[PDB]
Each structure stands twice: as structure tokens, then as C-alpha cells.
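We place every Cβ from the backbone using ideal geometry, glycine too, and count neighbours over all the protein chains shown. Values quoted throughout were computed directly from the atomic coordinates according to the rules given, and no laboratory measurement underlies them.
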Amino acid sequence: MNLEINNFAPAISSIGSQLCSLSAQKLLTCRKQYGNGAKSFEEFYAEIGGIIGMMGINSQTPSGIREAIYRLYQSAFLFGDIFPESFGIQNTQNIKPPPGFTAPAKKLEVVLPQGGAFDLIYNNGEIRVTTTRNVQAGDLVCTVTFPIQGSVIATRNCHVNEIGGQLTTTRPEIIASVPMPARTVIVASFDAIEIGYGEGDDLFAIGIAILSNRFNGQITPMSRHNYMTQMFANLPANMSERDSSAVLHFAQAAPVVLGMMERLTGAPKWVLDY
Amino acid sequence: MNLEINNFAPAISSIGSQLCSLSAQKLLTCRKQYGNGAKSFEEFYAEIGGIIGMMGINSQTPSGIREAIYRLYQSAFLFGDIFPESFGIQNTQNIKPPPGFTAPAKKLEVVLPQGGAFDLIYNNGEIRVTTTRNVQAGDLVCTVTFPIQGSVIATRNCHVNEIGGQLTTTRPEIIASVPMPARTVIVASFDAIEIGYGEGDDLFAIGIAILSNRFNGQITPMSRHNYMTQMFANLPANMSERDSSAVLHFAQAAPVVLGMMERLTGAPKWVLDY
Amino acid sequence: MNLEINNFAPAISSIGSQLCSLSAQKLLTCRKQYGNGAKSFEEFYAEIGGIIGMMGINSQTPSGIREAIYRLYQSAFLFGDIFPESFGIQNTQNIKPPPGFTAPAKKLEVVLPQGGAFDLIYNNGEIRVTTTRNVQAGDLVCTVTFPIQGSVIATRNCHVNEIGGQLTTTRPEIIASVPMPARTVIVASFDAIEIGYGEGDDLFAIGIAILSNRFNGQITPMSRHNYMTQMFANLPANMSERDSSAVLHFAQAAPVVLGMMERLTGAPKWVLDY
Amino acid sequence: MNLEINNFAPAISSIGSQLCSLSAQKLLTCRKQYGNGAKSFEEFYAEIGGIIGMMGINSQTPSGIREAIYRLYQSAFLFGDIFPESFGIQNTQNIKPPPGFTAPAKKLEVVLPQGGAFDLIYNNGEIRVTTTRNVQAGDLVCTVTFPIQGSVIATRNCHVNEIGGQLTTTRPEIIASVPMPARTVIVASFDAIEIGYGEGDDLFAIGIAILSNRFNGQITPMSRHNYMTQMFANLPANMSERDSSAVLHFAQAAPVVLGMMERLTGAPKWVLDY
Amino acid sequence: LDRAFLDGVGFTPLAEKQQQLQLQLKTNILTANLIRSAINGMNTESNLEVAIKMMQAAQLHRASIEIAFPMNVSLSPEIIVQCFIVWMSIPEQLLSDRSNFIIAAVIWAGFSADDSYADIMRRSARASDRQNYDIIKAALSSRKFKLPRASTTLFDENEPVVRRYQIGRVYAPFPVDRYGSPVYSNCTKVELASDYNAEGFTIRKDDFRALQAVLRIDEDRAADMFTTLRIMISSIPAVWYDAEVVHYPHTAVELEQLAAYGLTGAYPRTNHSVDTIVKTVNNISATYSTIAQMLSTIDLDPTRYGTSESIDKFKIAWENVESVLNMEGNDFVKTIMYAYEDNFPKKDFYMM
Amino acid sequence: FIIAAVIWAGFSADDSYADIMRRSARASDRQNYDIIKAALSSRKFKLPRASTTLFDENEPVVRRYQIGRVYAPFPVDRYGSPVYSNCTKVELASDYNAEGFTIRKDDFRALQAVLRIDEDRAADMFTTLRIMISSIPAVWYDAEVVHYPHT
């Protein structure tokens, strides 16, 4: 995908996340009070599920909500810098923190240094390397570029900076402890969490196609993990980690809510409880 | 485990799931409003456990809800396929979609193509087979018989139809991509979601015996994975995915609610948000 | 970590869990009623979110809740002989059951019996040992100490007491089935749930440090798994399975709530739905 | 650390220092009249420790002062050169003088001439170098990059400009005075005062963590001396001593006050009497 | 403001309603019917107070009406008929959750095959009233029972005037749309499988149809029914719509008064213009600005005597404020402040 | 304990006044009071309890004897805020029905409102307490009741 994130993304992502949360709450409220099976549930929702009051949005139909998320997503991610005042946010710094990430880090990105000393095999939740030549102990073998946090389990022939089983650093650096010659293998498994959210995986698949049909020149369908990795890698350099979470929440919440508005199922906790 | 699914099962499940969800909501409210005293929480619940507003059913008492669950389960899943006139089972033309599946796929079920040219062993989320003899590249070597959807990681000497990391089909088929000699090991790890729900596993464990002691000749205690696989495999071929979702939801919601009424703990979200 | 859990622990733990649940409910209620304006979210929460009225908490600020958590934690788990007579501890005749555990069992604890005949390594979901000499069929090779509950998948060259896919005992043991040569490898994977919960691990990291800075000589920061294993190992032998659940619920609810009051994000479902 | 200081830093610092002094004076005022009853001092401070009449502050609780300090620090020292219209800045030229520095210069900062001619080792208050090769009298040996004022004691085999034992220039240079061969050693001790305020070092350590948990991308925990050396190195060249003094005073007062609002001990004199 | 600027009420006299119900009822005059005998003991006294509270509940979504029911455990024909009238004539967006749940349970206790009012009250919890109300409404909106539940919509129209503040939108205190047709949350049709029976009290199936027929508001008053709503929308600031409730008795009305108000189709009426209301609001704002300016130029000091000051120092600080409040042009705020000192004390007012 | 029992007789679902009065045998007065007080500060019921703290402010004066701290008879704080042991606002989700005597739940809010203490009232109370605490000899504060009628 091709896109650049404006330097005022969090102030727009806050409004987008609030809109998505209100949409999800309205959907659940309509779900609970649906008691007559004569009318299709789609018809009942299309009748009263679009009436939501907020600054900027002035529509009483789901189509207006869809255009609202479309415009917010476009302003925040596809185009260049746009000032937050256009959407009428009163204050830029007064943004409510988003829920913490709960996505399991099954696949873990690592970058080997130059020289091709090691080979990389990814398994379910760990990484193995095979050493093709002689290596002295005390040198980096791997480094993690995708921020990660959690415990460490089943480390063999390697050392990582940690105390009590908890990783001290977000980006760990795996090093050797004892010299191992003649085509060895070392592992480093982690019981950690990544930078996305785990629930609503199907809804993301349904909504990513919906919002890629519109911005076909910028957005393409793919998996949630790759989408999150590219969005994280495309963030501006001068941005605190407190404000990156705000934009990363909306980046994943928009496809999920777009898909959810089609298949009127439940909503994930990280979307509704914002 | 033998069980016969009638063609009116979705209509029955439409009411069974509603009954289960309403019972769960009442328990959470009572648990919040309970003040510790001389009376036990179990005695406190028996008095105010019963739901209201459901005509044609006995539910003014917890035992009544348990008996209704028994009757609905028998009418929907057992060989006694008789539709109760207590509710309007004949109609129920339009139902509410159930929540999406959340159970992780750790032991995914597969079938060998023909006779036996491989040695298959399961793993935490992956399967690996070793070829006994030489096999050409471009022929089917494995196929999943249990529907699955999600991402794919660690593709070694195989190929799966997927774009952007997301599996194209519900039933992926594994095909070797390189001419491989004997004892070569191909693997396939899936970060995907199977059919069923992963929460409330203990509640299911206690609840399955509750209705196994009643239907001794039909239901036996077993794991959630095996129960879900058998229930899916016993469904009629001529049924829509949307229509079978209600049956699959209720088939797991009944045991977990039965166990929930015994162990007065919390209820899973998917039961509540129906 | 040095700590002595007394007989009076369940009475303290019930009050602690109730206080934590009330704090979480207030946090979410004030998080839904926040309108963006001149005041930041933390100022808004400080003014109204803190107010909670129970016996023994004497403040309408979060500092009162923090001090109450500190006092209850010190009374229940710390070495000093302290009991808070000011709370609603006198009427703790009946205790509401805590929610069931949901923590995945990734690193499960086992103990090789004797003789150094087996070498142990761990994996994401499975364990495996190498026999250094001949072994007879039907003898004990490993046994678990941390209780688990769930299904068993992908067992090779061994046997466990399981019927229908479900383990019959909370402390399964693995025994070899056939006399096997040296260098043979036996494996056993489990899709089970260990003690404690899984959600809220980000809050645990920043709460354990908070409550370790106060009791600087008694508690050392470390991961949730080691914390829970030590808490379970320090439980007295003469305790029921119902009171230990409440004790272990409070032992994790205290740090996560302490960390939640710092980062004003959401709250875990198990903390809130007590 | 990475941080950019704008041309209007003195204006922000003159407000931040006043806010810090106000908060400290209020802390002592409330500390003098503590009732010593059932409520702890933390609840007492959280109840009555706020400022009600300052433009810029939007809450009467301590959290308001904390949030104002966060805003002022971010505006003055971080990447965002945002001018805070919320606090009232009328004249950017008027600046009350800050108190003089009190930090003893123990680890004095010096740089070698780049000829690779001397070895540098440190002591409590003196530096001493050993000649690697032959050196003639009357050439540079060392020079200080961190400005220092005070007296000079125990000057051996070197010369510094001095009048009555007092240093003349704020950046003295050490030049050898005698032809000294054969790897001799020269010493230079200073009874002087560096930049910053020695008092209240305990509060700085606890407050730097508080403000680094928020601006983690720009600020990291470290000692006071290194923090002040980097802060002084990042000052613009077009800056007088009257303004840099205010900038540095606020730069040290902000962490000290942030850590003082947590550990409710006293406040240093240089913070109170600003 | 609502009480001062709403000096009338546009109801219809009860005699015509009684005659209409007698004409619609298909029952012999000699036979005694309890639905008929219950509206003969009602009066339109205090319709004005109920109208003011209806308008306040429409403007403020937090000041929902709380109904005071004389019953505790048992029922009565008057209670049943009044609950039905409230159900079919008062929109639910202007009633609190408990008020909705009580009347819903009273309705359901007669149509339920085995449930009784005492059991519903004992088993239910006041905390979950909205859920139970939703379930009961869904049950009563099914294909076996159908009772239309009155509702209302938001309005944006406004009369042009010069004002310094923005306005919003409020619900209507009546159940009709701009077109003039009654509004119902569910179906507009009444059909029931069986009768209504709770204790010994019984109602025929055609009695409810007759009651629905008589509860139709007059189309003619539509022009007068909306001018008051227009001037109320166009003269009240929008930022006040999220205000809390401080005096409980302002939102409390008993069941008989509400039933009499809803039976006659009353609506608030007024004879004042838009500019007087905005002038009063401007006066209130001017008083607040005067007090704020005085405090800023005399009392605004952060260095000493703030939160820690003893209660003995409040006499000196308050003297200037109560001196300012005693000049000309500040009588509205002074009256409101002195009248409700118990609910909003002087210290919180001073801090604000 | 008796005040608490009379109050709780009308809020408990099952126990009557006699049933609560019977609890004297399997407990103490203090413990039963604690139980009922905890029952009145739960999620279902919230009845604020008047409380007071120790007072230590005295105006200096030359005197021969010793001085001590005394509780403040009034339940308002030095800064004018009310002091309550359990909760600051009455919020009870039921009605008081005991032996056929009933009070609507909305009357308790009015009763709390009418019992509020104004500012000059609290100023006068503290003015009298400050002069009373700084002059009465404190050696007799450990006295034992002799003429019961006085208590």
C-alpha cells in the first residue's frame, strides 16, 4: 500500500474511534431489543440504527455513517497533512487513551545483520537460526523491529535482557552466550502481545475489501498482521508512543466497523469499550 | 456419539439461544447486586434467577429454565425430532445472526489423500508430514476437512492459495511446490480461527455431564473440539452457512449455560451478546 | 519473594475483589460520560471517578482507593500481622464465587522425578524429554505441579489418563507406553488453561512495579506466570478449592487495578465481572 | 535524549517555575496543619492541595497542576514548538531572576586537545592526566566544556588564571608551566559549583521516571548530572545567561516537583524561594 | 424559565372525552364497566404543573419524569386504566426507566398466562429495569399481542431572533409528528389473543380498542401546538441540555395527574414572544459576568487562603458577592440562589 | 446497635425487628453494629452515617495545667464539609416497609437536605469548640462515670 500519515493524525483518530464506538453501542442496543421475527433484522437496523448525534455528522442513515468513516479515514491516512480543526475538535491534546493491545504475537519479525552468518526459520511463536560458520559468543544474531512485550519461555543457547521472566526492552536483541560451532540451532520463544488487537478478525476481512474498493489506488486487501505492520512502519518519526496508539486503534477499528455494519453480528470489546 | 438433526433446528436454536442469553444476563445482575449475608448466593439466586417476558415457556424459576433447556435440546438435536407447540416453531421465518466464531484452531483435522505415502503428526498449530518415497511437485498432499479461516505463516516446501497472507478458501489444500526426495518434511502453520468458541471451556466441561446423565444413550462427556467436530459433521448437506450458524451456536450454548447454572460464576461474552 | 498467606485470607480477598470491581465499573462509567473539552481525561476522572462508598475507604479521590488496596494487600499477603477492622469484614459469612480462570497454559511446570535420565526442554504448547538410557514401559517420566485443565492434543510415545479428549485430573502425569531405546523423544502438547487470567497483562507490568516500590524488601517485579506459581506454592495445604480461587483472584486483581488507575485505559472483563 | 528548545523557552519557564513554587508552598502549608487522624496524608493532600486562582489551570485538584506541568514541559523542551495560548503570556521579555546554582561540581566535564597526548582519569573533585609523550611548557592540556565557578585548590605542575584563589573565567583552561618529561602526572582540584541545584536529588530520580513514562520517545531515566549536561548542550547559541538560567531552573524543577507530588515530603529551598 | 413563560395549557374539557368514550364503547348503559367508571373520578386539576414538567423532561434528557404510584403490592381498576392511558398517551423518552418498567409490568401482569404483579416486582431488580422493560415491550410487540407504545421525535425549527448562543434540538412533549399523525414505537394496530385478567379485575378486548380510539389528539390545535415548541427551541442554550438534576421534586408527578394530562391531550401554551425569553437569558448571563468580573478584580489571589482556609473566613469572602447580588438587574439569579440554598449551597456556588 | 436494627428492619427482605434483635446472642453489640453498617453501605443500599474526628487546634495562652484533644460533637469538618463514615450521598433502591409502616425512598434525600449545616453555623461551632478545648484540664478526661443520669 501507498499512504502517508499526517502529523495531526491522533486528533482525527480520536473522533473516528468515538464514532465507531457509538455505532457499535447502537448496534448492540438494537440487537438486544429485537423481539419480533416478522421483520428481517436488517430492516429493523436500517430503520433506526443510523440516528447518532455528534459534531460534524448530520445524517440519520447508515450511509451517512459510512461516508463519515470514509472521510475521516481518507483525511487521516491516505492524504498529507490536514489540520484537525476542520472536523471541529475543540482541543487537540485532550484525547482519551485507547484500550491496550491484546493481539497475540504468533509471527515475530526479526532482521539478521549483514554477512549471512545465520539462517532464519519462523515457527508458530518462536524463531530458530542455523549457524553456517564459526561464531564467537557475545554478538547479536537477531533483532526485533516490531515492538513486542510479554514474558519469555524456552530460551536455549541464547541470552536476552530480562528480569523475572519479563522482557526489559520492547525490541529485544538476541545474543549468544557460549560459542557453538558446526551447524547448530538456537531458539527464542516468547509469550508476548504485538501492536494489533486479536478479536474481530473476520470482520476485518469483510471490511478491508469494502474500504479497498473505494480507495483502490492506495488500499489493498491483505491479512490483519501485514496491514498493522505497514501502518506502524509508515508512521512519522517524530511521534510519541502515547499518540501512536491512538492512530493505530482507529486504523484497525475502521475496517472492523465497516465489516460489522454489513454482517450485523456483535462487536469486539476493544471497539465498543473505548 | 449418535444424534439426528431435524430440518427445523434453526428455528429451535433461535429460541434456545435467546433463553440462554437472557438467563446469563440475569445471573450477572444478581451477582453484582448480591450483598454478603446469612443466605448463600446459591439460595439467593434460586429466588430471583427466573427470567420474565418469554411466553410459551416455563422460566419463572432456574429449575424451569433448566427443564426448558432440556426440552429444547431434545427437540433440536436428539432422535426425538418433535417440534414443541409451546412456541411457534412452525414459523420463525426471520432470525437474528449469531456472533462470529472465536475458538483458536490448535488441533486442526486433516485427511490423507489416498493409501499412505506420508507420516503425519500434529503440533501446537501446525502439521508436518514426512514423505516415505519420492513425490513430484504439484500434487495434493493434504486437505483439511474442518472449515478454517485466518492467516498463514511458516510455509516450508508447500503452497496455499492465499493473497496478502489471508487464506482464500475455508478449506485450504496443501500442495508441494518443489520436487522433494524421501524423508523431506513439509509443514503448514495456521494463525486461524476454527468453528466454536474458546471461552468458558470449564463451564462446558461441567455442563456436558449434566445433560449426559440425562441422555445416557446418546451423549457422552468429551472435549469441546470433538463435540464441535461431530456436531458439524452430523449436519445435513443442504443447509446454508447462515442457517447452520444458529444451530452451531445453540449446540455449544446449551451445555455452557447448564454448567453455568451449577457453578455460579460469570458467563462468556458470546452467550451474553446474542 | 517472601510472603506468608494466613487463614483469614479469603475474607480480605473478597473485600479486595469487590473494591477492584467497583473501581473498574466507575472507570468505565466515567469513560463513557467524558466529553472533549478544556479539562483532560485524568482531571475529569480525579474529580468523580474516585468517589466510591464502602466501609473502610474514607476518600472521594483515587488516593483513597490506592491506600485501601495497599492496606488490604499488606493484610492478606505480606509478612506483617495486620488486619483492617474498619472494612466490611465482619459480615463475610458467605463469599461470592470468583470468575473462572482463562489464562492459556503456555509454559507448564513439570518435575523430572530422579536419576537425571531425561533432559527437559520447553516449547510454545508442548514439552519433550530425551531418554539417556533404557526405560521400562508404564513408569513415571514427568508429572506436573501447576494444575491445568483442558484438552490434550498430539501425544506421541506416551499416554495420559484422558477420555473423550478431556483430561480426567487437574494434575496429569505422562507415562511411557513401550520400552524405548536411548535418544528416543516423547512429546505431549496441551490445549489447557492454567491458574490466573490472561487479559490485562500490560496493566500487570505497571502495577507490580507500583506495589513493589512500596514493599521494597518483600516483592520483586517479575512476570505474571512466576507470580502466580509462587502464590500457588505459598498457599496452605488445608484450604478448599473455593477459597483459594478467591485468594488467587485478589492476588492478580490488586496489581492490575493499581496499574489501571495509572493508565486510564479500559479494564479486563475478569476484574470487572466479579 | 532528543529535544529541541525554541526561542520562547524563557517565557514558558517563567510560568512553569512560578507554578512549581506555588505547588510547593501549598504542599508545606497543608503539611503544617495535618490533623494526624484516621485519614492518611495522601488523602489529605489530594483533598486540599490544589490551586484555585491561576489562569491556565482547569482543576482544583493536584491533577490539574500535574497536567499543566506536562503541557508546559512539552511546549518548552520537546519537539512540538507549540505556543500555549491557554496560559496568559503578556510580555516575553519580563523574566524574574532565578536563584543561583548550588550543585557542587564533583565530576567536572573536560575534553582533551585531540593530539592524543594525555590520559584522563577522574576523582572526587579533581582531574589528573598523565603525559603519553614529551610535552613542553606553555601549551594546552585540558579545557572544561561545562561552565564552572568557584575557587581553585591543589594546583600542581599546571597553571590556571586565578585572582586570590578564585577562578577568573567560567571555562578555565589547564596549561602546563614546566617542561615535564617521562610520563609525569599533573593534578587540578576545584572547590567550585557547577550548573543546577544539589538539593532534592531524591525527588528528581522519582520524577524523571514519572515524566519519562509519558514522553518515553524523547526522555529516558538517568542521573541529574547527565540530564543537566545534555540540557545545557541543547541550548541555543543565541541565548544570554539571564535566560538560560530560567530555562535550566524550570528544566530541573519540573521533575523535582513531579516526584515531590508523589512522595509528599518537603521541598527544596531553590524551589520554594523562587 | 419554563414555569414563568408558560402561563396556559391547551387541554380539552373532560366532559367531551367522557361522551366520546361512551359513544365508542359497545356496551349497554345499564351494565357497569370499570374502564368507564374510572375516568368519571378524574379531574384536569394541575394540568399546568404536569405540562411544565413535560416540557422540562423534553428539554433535559436527565430530568426524566419519576412517577409516584399509590399502590405498594396490590392493584386497582383506577391504577390499571391509568397505566394503560400512560402507556398509550405518554412517550417513553420523557419517562424514567423505573417509570417505564412499572407500567410495563402492570400491563404484562394481565396478559401473562402465569406471572403476577407481586412476583414481577419481587423477582426484578431496580438496577436492570431498562432491560426488563425492553423484554416486556418486545413481548407486547409480537404477533400474539400488539399494544402501540407512544413515542416522539426531535425538532429543529426556530423563529429568527438575535441571540449570542447556539441552540439545539429537543423532543416534543406530545406524541404526534409534523404531519399531525400519532407516533408509536411499534405497530399502530391493537389486537390481542385473550382478555386482561389480574386478580379479579377484567377488561374486554374491545375496551382497549375504544380507549385507543378516544386517545386521538385534535388535528385543529396543530398550529397552536407548535408555536410554543418553536419559541422554546429558539430561546434556550444548547449547552444546558446536558445539565444534571439538583431538586428532585421538580421531576416528580403522581399517576393520576399524568393520566388526566394524557387523556385530555394537553399541551403547553404561551402568550409571550421569543425576544423576552432571550432578554431574560441575557440578563442571567450579565449577572454571572458581573460577579465574575468583580471576583477577578478583587478576590483572584492564588498565593494564600485558598482551599486550606478555615470556614471562619467565608463571611468576608461572601460579603462582596451578596452585595453584588443586591443591585438592580440581578434579582432573577438572587431569587433562584436564595430559594434553593439547601440543594446548592453557597460554597459550591462561590467555587463555581 | 438498636438504632441500626430499627433502620435495617425496614430494608431487609426477610428479617423483622425481632429477628435482628435476636442477633444479640451469637455476637456482640459492636460486631452486630458493624454488620448492619456494612449492610447499609452496599450496592443496593447507601445510608450515610454521621461521623466525627479528633480536634487539636487551640489558641495559645499561659496556663498551669495540661491540655488534651476532644472529639467534635457536631458532624461537620474544619473546612465546612460534612463528615460521614461510609458514603456521602443517600442512594437506596427500595422502600422502607416495616410492620406496615412505609416511607417512600425519595423522602431520605429530603431528610438529608434539611439536615445540612450552613457555613456560619459551622463557624460558630468551631469558635466555641476552640475556646472550650484550650482551657478545660485534660487530666480528668480519663474519669469513670459516677452519676449515670449525666450520660
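Just a yes or no: is a residue in the range E:156-170 among the hydroxyl-bearing types (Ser, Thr, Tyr), assigned to a loop (DSSP other than H, G, I, E, B) and within 30 Å of E:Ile231 (Cα to Cα)? Yes, some residue in the range E:156-170 is among the hydroxyl-bearing types (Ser, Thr, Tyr), assigned to a loop (DSSP other than H, G, I, E, B) and within 30 Å of E:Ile231 (Cα to Cα).
In the condition set (1) of a type in the set (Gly, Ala, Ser); (2) more than 14 Å from chain E (Cβ to nearest Cβ); (3) closer than 30 Å to C:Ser86 by Cα, D:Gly35 is compliant with all but (2). When D:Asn238, D:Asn216 are screened for being under 19 Å from D:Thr170 (Cβ atoms), part of a loop (DSSP other than H, G, I, E, B), more than 15 Å from the chain's Cα centre (by Cα) and among the polar types (S, T, N, Q), only D:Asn238 passes. Which residue is farthest from the chain's Cα centre (by Cα), if the candidates are limited to the range E:101-124 and must be acidic (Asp, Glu) and assigned to a loop (DSSP other than H, G, I, E, B)? So the residue we want is E:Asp114. Candidates E:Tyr241, E:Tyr288: the one that is out of contact with any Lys or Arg (no Cβ under 7 Å at 6 or more places or on another chain), hydroxyl-bearing (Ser, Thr, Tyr) and closer than 30 Å to E:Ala138 by Cβ is E:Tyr241.
Scanning the range A:32-52 for residues that are under 29 Å from the mean Cα position of the chain (by Cα) and hydroxyl-bearing (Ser, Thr, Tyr) yields a single hit, A:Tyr45.
Restricting the first member to the range E:196-224 and to residues that are under 14 Å from E:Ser89 (Cα atoms), and the second to residues that are among the small types (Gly, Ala, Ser) and in a helix (DSSP H, G or I), the beta-carbon pairs closer than 7 Å and six or more apart or on different chains are E:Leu215/E:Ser89. Sub-8 Å Cβ pairs linking a first residue in the range C:79-101 that is over 30 Å from B:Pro268 (Cα atoms) and more than 7 Å from every other protein chain (Cβ to nearest Cβ) to a second residue that is outside any loop (DSSP other than H, G, I, E, B) and not hydrophobic (A, V, I, L, M, F, W, C), at least 6 apart or interchain, are C:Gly80/C:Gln74; C:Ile82/C:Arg71; C:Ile82/C:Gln74; C:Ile82/C:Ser75; C:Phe83/C:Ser75; C:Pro84/C:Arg71; C:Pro84/C:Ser75, ordered by first then second residue. Of the residues that make up the range B:231-242, is at least one closer than 13 Å to B:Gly100 by Cα and surrounded by fewer than 23 Cβ atoms within 10 Å (Cβ to Cβ)? Yes, some residue in the range B:231-242 is closer than 13 Å to B:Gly100 by Cα and surrounded by fewer than 23 Cβ atoms within 10 Å (Cβ to Cβ). The residue that is nearest to the other protein chains (Cβ to nearest Cβ), counting only those in the range A:260-274 that are over 19 Å from A:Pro99 (Cβ atoms) and assigned to a helix (DSSP H, G or I), is A:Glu262.
When the residues of the range D:20-32 are filtered to those that are facing another protein chain (nearest Cβ under 7 Å) and not aliphatic (A, V, I, L, M), the one that is nearest to F:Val83 (Cα to Cα) is D:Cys30.
Test D:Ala68 against the criterion of being away from chain E (no Cβ under 14 Å) and among the aliphatic types (A, V, I, L, M), and give yes or no. So D:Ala68 does not fit the description; no. Against the condition in contact with a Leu (Cβ under 6 Å, 6 or more places away or on another chain), surrounded by 18 or more Cβ atoms within 10 Å (Cβ to Cβ) and not aromatic (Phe, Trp, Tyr), how does B:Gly198 come out, does it pass? Taking the combined requirement at face value, the residue does not satisfy it. State whether one or more residues within the range A:146-161 are surrounded by fewer than 18 Cβ atoms within 10 Å (Cβ to Cβ), at the interface with chain C (Cβ under 9 Å from one of its Cβ atoms) and either in a strand (DSSP E or B) or of a type outside the set (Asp, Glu) (or both). Within the range A:146-161, one or more residues are surrounded by fewer than 18 Cβ atoms within 10 Å (Cβ to Cβ), at the interface with chain C (Cβ under 9 Å from one of its Cβ atoms) and either in a strand (DSSP E or B) or of a type outside the set (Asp, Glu) (or both).
For the residues F:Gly80, F:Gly68, the requirement of being within 9 Å of another protein chain (Cβ to nearest Cβ) and in a loop (DSSP other than H, G, I, E, B) singles out F:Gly80.
The set of residues from the range D:102-124 being surrounded by 18 or more Cβ atoms within 10 Å (Cβ to Cβ) and outside any loop (DSSP other than H, G, I, E, B) comprises D:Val110, D:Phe118.
Just one of (1) over 20 Å from A:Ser63 (Cβ atoms); (2) within 11 Å of another protein chain (Cβ to nearest Cβ); (3) buried (at least 19 other Cβ atoms within 10 Å of the Cβ); (4) not β-branched (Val, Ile, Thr) fails for A:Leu248. It is (2).
Let's see how each residue does on (1) under 24 Å from C:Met55 (Cβ atoms); (2) surrounded by 13 or more Cβ atoms within 10 Å (Cβ to Cβ); (3) in contact with a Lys or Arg (Cβ under 8 Å, 6 or more places away or on another chain):
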| residue | (1), (2), (3) |
| --- | --- |
| F:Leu40 | yes, yes, yes |
| F:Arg130 | no, yes, no |
| F:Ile136 | no, yes, no |
| F:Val145 | no, no, no |
| F:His150 | no, no, no |
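You will find that of E:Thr335, E:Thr251, E:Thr303, the residue that is of a type in the set (S, T, N, Q), without any contact (Cβ under 8 Å) to a residue 40 or more places away in the chain and either facing another protein chain (nearest Cβ under 9 Å) or closer than 30 Å to C:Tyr34 by Cβ (or both) is E:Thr303 and no other. Do the conditions hold for A:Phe44, that is, is it in a helix (DSSP H, G or I) and within 14 Å of chain E (Cβ to nearest Cβ)? For A:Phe44, the condition - in a helix (DSSP H, G or I) and within 14 Å of chain E (Cβ to nearest Cβ) - is met.
In the range F:1-54, of all residues being of a type in the set (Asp, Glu) and assigned to a helix (DSSP H, G or I), the one that is farthest from F:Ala72 (Cα to Cα) corresponds to F:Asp19.
You will find that of A:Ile82, A:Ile69, the residue that is surrounded by 21 or more Cβ atoms within 10 Å (Cβ to Cβ), over 30 Å from C:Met261 (Cβ atoms) and in contact with a helix residue (DSSP H, G or I) (Cβ under 7 Å, 6 or more places away or on another chain) is A:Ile69 and no other. For the range A:222-235: of the residues being part of a helix (DSSP H, G or I) and among the polar types (S, T, N, Q), which is nearest to the other protein chains (Cβ to nearest Cβ)? Per the stated criteria, the residue is A:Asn226. Of the residues in the range A:182-192, none is small (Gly, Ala, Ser), within 14 Å of another protein chain (Cβ to nearest Cβ) and more than 30 Å from A:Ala117 (Cβ to Cβ). Of all the numbered requirements in (1) in contact with a strand residue (DSSP E or B) (Cβ under 8 Å, 6 or more places away or on another chain); (2) under 21 Å from A:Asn123 (Cβ atoms); (3) hydrophobic (A, V, I, L, M, F, W, C), B:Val178 misses one, and that requirement is (1). Comparison of B:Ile69, B:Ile127, B:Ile95, B:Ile65 shows that the only residue that is among the aliphatic types (A, V, I, L, M) and in a loop (DSSP other than H, G, I, E, B) is B:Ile95. When D:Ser75 is tested against (1) in a helix (DSSP H, G or I); (2) without any contact (Cβ under 8 Å) to a residue 12 or more places away in the chain; (3) buried (at least 19 other Cβ atoms within 10 Å of the Cβ); (4) polar (S, T, N, Q), exactly one condition is not met: (2). Within the range F:109-133, the residues that satisfy the criterion of being without any contact (Cβ under 8 Å) to a residue 12 or more places away in the chain, facing chain E (nearest Cβ under 9 Å) and more than 30 Å from F:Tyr65 (Cα to Cα) are F:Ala110, F:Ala113, F:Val114, F:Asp118, F:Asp120.
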